[PDB]
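This is work_37.txt (compact mmCIF, C-alpha atoms).
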# COMPACT_ATOMS: atom_id res chain seq x y z
CA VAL R 1 1.30 28.47 -4.46
CA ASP R 2 0.99 28.74 -8.29
CA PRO R 3 -2.13 27.37 -10.11
CA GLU R 4 -0.63 23.91 -10.99
CA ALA R 5 0.28 23.36 -7.26
CA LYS R 6 -3.17 24.66 -6.13
CA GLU R 7 -5.37 22.33 -8.35
CA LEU R 8 -3.03 19.43 -7.54
CA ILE R 9 -3.41 20.07 -3.74
CA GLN R 10 -7.25 20.39 -4.05
CA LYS R 11 -7.51 17.12 -6.14
CA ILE R 12 -5.27 15.18 -3.71
CA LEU R 13 -7.53 16.34 -0.80
CA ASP R 14 -10.70 15.62 -2.85
CA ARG R 15 -9.58 11.98 -3.60
CA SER R 16 -8.49 11.54 0.09
CA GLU R 17 -11.79 12.99 1.55
CA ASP R 18 -13.84 10.96 -0.99
CA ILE R 19 -12.24 7.63 0.10
CA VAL R 20 -12.60 8.35 3.84
CA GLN R 21 -16.15 9.80 3.47
CA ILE R 22 -17.26 6.69 1.47
CA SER R 23 -15.79 4.61 4.33
CA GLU R 24 -17.84 6.33 7.13
CA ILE R 25 -21.05 6.24 4.96
CA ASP R 26 -20.37 2.52 4.16
CA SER R 27 -19.68 1.95 7.88
CA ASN R 28 -23.06 3.15 9.22
CA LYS R 29 -25.01 0.98 6.72
CA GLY R 30 -24.37 -1.93 9.20
CA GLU R 31 -24.42 -5.55 7.84
CA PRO R 32 -26.78 -8.56 7.78
CA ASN R 33 -26.36 -11.09 10.68
CA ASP R 34 -25.26 -13.68 8.00
CA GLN R 35 -22.61 -11.19 6.69
CA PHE R 36 -24.07 -11.23 3.10
CA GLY R 37 -24.29 -15.06 3.25
CA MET R 38 -20.46 -15.41 3.82
CA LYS R 39 -20.59 -16.10 7.60
CA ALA R 40 -21.53 -19.83 7.55
CA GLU R 41 -18.83 -21.18 5.14
CA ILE R 42 -16.16 -18.41 4.85
CA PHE R 43 -15.82 -15.88 7.70
CA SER R 44 -16.52 -18.32 10.62
CA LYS R 45 -13.79 -20.66 9.18
CA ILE R 46 -10.72 -18.34 8.77
CA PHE R 47 -8.56 -16.38 11.27
CA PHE R 48 -7.84 -12.73 10.34
CA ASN R 49 -4.70 -12.92 12.58
CA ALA R 50 -2.93 -16.04 13.96
CA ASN R 51 -2.83 -14.48 17.52
CA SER R 52 -6.65 -14.03 17.82
CA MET R 53 -8.56 -16.98 19.34
CA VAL R 54 -11.64 -16.02 17.19
CA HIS R 55 -12.62 -16.35 13.51
CA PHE R 56 -13.27 -13.53 10.97
CA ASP R 57 -17.11 -13.58 11.72
CA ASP R 58 -16.50 -12.11 15.24
CA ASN R 59 -17.76 -8.49 15.95
CA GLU R 60 -14.06 -7.61 16.64
CA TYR R 61 -13.81 -7.61 12.75
CA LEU R 62 -16.86 -5.43 11.86
CA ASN R 63 -14.56 -2.74 10.26
CA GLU R 64 -12.28 -5.22 8.42
CA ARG R 65 -15.43 -6.80 6.85
CA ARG R 66 -16.71 -3.28 6.06
CA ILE R 67 -13.39 -2.58 4.19
CA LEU R 68 -13.91 -5.80 2.11
CA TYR R 69 -17.52 -4.66 1.21
CA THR R 70 -16.26 -1.14 0.23
CA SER R 71 -13.61 -2.95 -1.96
CA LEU R 72 -16.66 -4.20 -4.01
CA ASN R 73 -18.29 -0.67 -3.93
CA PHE R 74 -20.82 -1.87 -1.27
CA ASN R 75 -22.96 -3.35 -4.11
CA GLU R 76 -25.13 -5.85 -2.10
CA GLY R 77 -26.09 -7.79 -5.28
CA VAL R 78 -22.43 -8.52 -6.17
CA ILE R 79 -21.37 -9.38 -2.57
CA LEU R 80 -24.29 -11.92 -2.14
CA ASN R 81 -23.52 -13.42 -5.58
CA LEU R 82 -19.73 -13.72 -4.91
CA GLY R 83 -20.56 -14.91 -1.36
CA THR R 84 -22.64 -17.83 -2.74
CA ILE R 85 -19.92 -18.79 -5.30
CA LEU R 86 -16.81 -18.57 -2.99
CA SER R 87 -18.91 -20.36 -0.27
CA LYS R 88 -19.17 -23.41 -2.63
CA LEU R 89 -15.32 -23.46 -2.78
CA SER R 90 -14.44 -22.80 0.93
CA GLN R 91 -16.65 -25.77 1.97
CA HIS R 92 -13.59 -27.80 0.89
CA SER R 93 -10.74 -26.80 3.32
CA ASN R 94 -8.30 -27.92 0.53
CA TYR R 95 -9.59 -24.74 -1.38
CA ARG R 96 -10.53 -22.43 1.60
CA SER R 97 -7.11 -20.67 1.68
CA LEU R 98 -7.49 -19.52 -2.00
CA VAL R 99 -10.83 -17.87 -0.91
CA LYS R 100 -9.11 -16.23 2.13
CA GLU R 101 -6.11 -15.11 0.03
CA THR R 102 -8.48 -13.67 -2.67
CA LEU R 103 -10.75 -11.84 -0.21
CA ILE R 104 -8.04 -10.57 2.23
CA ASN R 105 -4.83 -10.26 0.15
CA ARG R 106 -6.76 -8.72 -2.82
CA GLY R 107 -10.09 -6.86 -2.17
CA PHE R 108 -9.42 -6.00 1.51
CA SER R 109 -5.71 -5.02 0.98
CA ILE R 110 -6.36 -2.75 -2.05
CA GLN R 111 -9.13 -0.91 -0.16
CA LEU R 112 -7.15 -0.76 3.13
CA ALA R 113 -4.28 0.82 1.15
CA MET R 114 -6.59 3.53 -0.37
CA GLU R 115 -7.94 4.39 3.11
CA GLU R 116 -4.54 4.39 4.97
CA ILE R 117 -2.93 6.62 2.31
CA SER R 118 -6.00 8.95 2.44
CA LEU R 119 -5.73 9.21 6.29
CA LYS R 120 -1.92 9.82 6.16
CA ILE R 121 -2.46 12.75 3.68
CA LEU R 122 -5.44 14.36 5.53
CA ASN R 123 -3.41 14.06 8.80
CA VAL R 124 -1.02 16.79 7.40
CA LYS R 125 -3.68 18.46 5.13
CA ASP R 126 -2.73 22.08 6.12
CA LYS R 127 0.96 21.60 5.09
CA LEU R 128 0.73 19.98 1.57
CA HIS R 129 1.66 23.44 0.09
CA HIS R 130 5.21 23.00 1.58
CA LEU R 131 5.77 20.06 -0.92
CA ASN R 132 7.46 20.19 -4.37
CA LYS R 133 5.52 19.34 -7.57
CA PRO R 134 7.14 15.89 -8.30
CA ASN R 135 6.06 14.76 -4.76
CA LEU R 136 2.55 16.25 -5.18
CA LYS R 137 2.21 14.37 -8.54
CA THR R 138 3.32 11.07 -6.91
CA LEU R 139 0.51 11.53 -4.31
CA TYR R 140 -2.06 12.47 -7.04
CA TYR R 141 -1.15 9.64 -9.52
CA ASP R 142 -0.83 7.08 -6.63
CA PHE R 143 -4.66 7.23 -6.39
CA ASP R 144 -4.81 6.36 -10.18
CA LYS R 145 -2.47 3.36 -9.59
CA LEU R 146 -4.62 1.96 -6.70
CA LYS R 147 -7.77 2.62 -8.82
CA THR R 148 -6.39 0.24 -11.52
CA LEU R 149 -6.01 -2.60 -8.90
CA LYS R 150 -9.54 -1.94 -7.57
CA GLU R 151 -10.87 -1.79 -11.19
CA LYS R 152 -9.20 -5.19 -12.02
CA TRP R 153 -10.65 -6.70 -8.75
CA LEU R 154 -14.24 -5.55 -9.57
CA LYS R 155 -13.70 -6.78 -13.19
CA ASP R 156 -12.52 -10.30 -12.08
CA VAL R 157 -15.46 -10.42 -9.55
CA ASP R 158 -18.14 -9.45 -12.16
CA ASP R 159 -16.58 -12.06 -14.59
CA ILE R 160 -16.63 -14.90 -12.00
CA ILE R 161 -20.34 -13.99 -11.44
CA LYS R 162 -21.20 -13.68 -15.19
CA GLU R 163 -19.34 -16.95 -16.04
CA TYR R 164 -20.80 -18.88 -13.04
CA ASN R 165 -24.33 -17.78 -14.10
CA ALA R 166 -23.65 -18.57 -17.85
CA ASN R 167 -22.06 -22.05 -17.39
CA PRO R 168 -23.67 -25.00 -15.53
CA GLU R 169 -20.26 -26.80 -15.36
CA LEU R 170 -18.92 -24.06 -12.99
CA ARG R 171 -22.04 -24.76 -10.79
CA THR R 172 -21.41 -28.60 -10.62
CA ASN R 173 -17.69 -29.27 -11.36
CA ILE R 174 -16.27 -27.83 -8.12
CA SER R 175 -12.68 -28.42 -9.38
CA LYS R 176 -13.49 -26.36 -12.55
CA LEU R 177 -14.76 -23.43 -10.41
CA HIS R 178 -11.49 -23.62 -8.42
CA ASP R 179 -9.39 -23.44 -11.64
CA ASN R 180 -11.47 -20.45 -12.99
CA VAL R 181 -10.87 -18.44 -9.76
CA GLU R 182 -7.15 -19.47 -9.46
CA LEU R 183 -6.43 -18.21 -13.06
CA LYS R 184 -7.93 -14.78 -12.08
CA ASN R 185 -5.97 -14.74 -8.72
CA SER R 186 -2.44 -16.07 -9.50
CA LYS R 187 0.41 -16.01 -6.88
CA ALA R 188 2.40 -13.66 -9.21
CA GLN R 189 -0.62 -11.24 -9.15
CA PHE R 190 -0.78 -11.46 -5.29
CA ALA R 191 2.95 -10.54 -5.08
CA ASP R 192 2.51 -7.63 -7.57
CA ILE R 193 -0.42 -6.28 -5.44
CA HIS R 194 1.60 -6.77 -2.21
CA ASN R 195 4.78 -5.06 -3.59
CA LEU R 196 2.93 -2.18 -5.27
CA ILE R 197 1.00 -1.30 -2.05
CA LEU R 198 4.16 -1.71 0.09
CA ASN R 199 6.11 0.82 -2.00
CA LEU R 200 3.12 3.20 -2.42
CA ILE R 201 2.73 3.22 1.44
CA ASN R 202 6.54 3.69 1.96
CA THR R 203 6.74 6.40 -0.74
CA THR R 204 3.71 8.29 0.74
CA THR R 205 5.21 8.10 4.30
CA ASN R 206 8.68 9.40 3.09
CA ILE R 207 7.02 12.30 1.18
CA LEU R 208 5.01 13.38 4.29
CA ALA R 209 7.83 12.91 6.90
CA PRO R 210 9.00 16.58 6.71
CA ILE R 211 5.43 18.12 7.20
CA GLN R 212 4.59 15.96 10.21
Starting from the coordinates I provided, produce the structure as structure tokens.
Amino acid sequence: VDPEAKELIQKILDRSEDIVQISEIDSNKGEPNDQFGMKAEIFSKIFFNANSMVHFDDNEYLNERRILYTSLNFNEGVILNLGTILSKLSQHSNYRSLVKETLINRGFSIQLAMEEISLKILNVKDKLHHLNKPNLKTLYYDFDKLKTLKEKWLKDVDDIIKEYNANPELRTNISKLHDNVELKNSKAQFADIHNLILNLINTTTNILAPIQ
């Protein structure tokens, strides 16, 4: 194991162990009863899965909600603030499925992908040395690619908050708030996020198949 392969193995494990450690530390912070003020108008009004007879506010979904909070760095301030703003939108069922799509298909999915890839790698931790350098670099740089998506998500979320707090029209013209959010969360963007994660998860799985 030459020095390039060594550092590369240590940094892959570091990034993996960071993500999963953050997740267990985020996990035993618990949550408010009101789920950061998103229960009443968002979580209690969407299904996480068509086959469940309960809504997203159910205790069944503690961990899924935790993943969404970790997707915003578990910054309470930001989650309350975005909670209040998306809650104004999802009061109108005509606009509720943009809030769902934004929360679940963006924040949740990006963070889920980081954690699943981390767990896949740590699951074969002792055998990463058997891998070639191109495959080790794909693993290493894959973390940088997911980080960009997470960075863009946190950016769009801070901007929504900044703009909502700077502009009275976004607080009263509900159809203007909708437009602002939709521009930041286009259907093209949702497909790019979906397809990137799909082929990062497939590529990771293929790379690890022989050390399994």
Practice task
Could you tell me which of R:45, R:11, R:176, R:194 comes closest to residue R:93 if we count all atoms listed in the file?
Solution key: R:45
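Counting all atoms listed in the file, the residue from R:36, R:56, R:43, R:61 that sits nearest to residue R:74 is R:36.
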Report as AutoDock Vina command-line options the centre and the edge lengths, in Å to one decimal, of the axis-aligned box holding every listed atom of stretch 10-28 of chain R, padded by 3 Å on each side.
--center_x -14.2 --center_y 11.2 --center_z 1.5 --size_x 23.8 --size_y 24.4 --size_z 21.4
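Between atom CA of residue R:30 and atom CA of residue R:58 the separation is 14.2 Å.
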Using all atoms listed in the file, determine which residues lie at most 12 Å from residue R:29, disregarding the query and same-chain residues fewer than 6 positions distant; provide the list as a PDB file with C-alpha atoms, keeping the file's coordinate frame.
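What follows is the written file result.pdb:
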ATOM      1  CA  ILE R  22     -17.260   6.690   1.470  1.00  0.00           C
ATOM      2  CA  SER R  23     -15.790   4.610   4.330  1.00  0.00           C
ATOM      3  CA  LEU R  62     -16.860  -5.430  11.860  1.00  0.00           C
ATOM      4  CA  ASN R  63     -14.560  -2.740  10.260  1.00  0.00           C
ATOM      5  CA  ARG R  66     -16.710  -3.280   6.060  1.00  0.00           C
ATOM      6  CA  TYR R  69     -17.520  -4.660   1.210  1.00  0.00           C
ATOM      7  CA  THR R  70     -16.260  -1.140   0.230  1.00  0.00           C
ATOM      8  CA  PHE R  74     -20.820  -1.870  -1.270  1.00  0.00           C
ATOM      9  CA  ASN R  75     -22.960  -3.350  -4.110  1.00  0.00           C
ATOM     10  CA  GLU R  76     -25.130  -5.850  -2.100  1.00  0.00           C
TER      11      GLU R  76
END
Completion exercise
re atom CA of residue R:107 and atom CA of residue R:124: distance 27.1 Å
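Residues in contact with residue R:7 at up to 12 Å, not including ones fewer than 2 positions away on its chain and judged by all atoms listed in the file, are residues 1, 2, 3, 4, 5, 9, 10, 11, 12, 13, 14, 128, 129, 133, 136, 137 and 140 of chain R.
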Exercise for the section: Identify, on the basis of all atoms listed in the file, every residue whose closest approach to residue R:197 does not exceed 9 Å; exclude the query and any residue fewer than 5 positions from it along the same chain; express the result as a ChimeraX atom specification. Expected result: /R:109-110,113,146,192,202
Problem - Residue with smallest distance to residue R:122 - pool R:152, R:139, R:180, R:196, counting only C-alpha atoms - result: R:139
Exercise for the section: Between atom CA of residue R:111 and atom CA of residue R:71, measure the distance and give it in Å to one decimal. Expected result: 5.2 Å
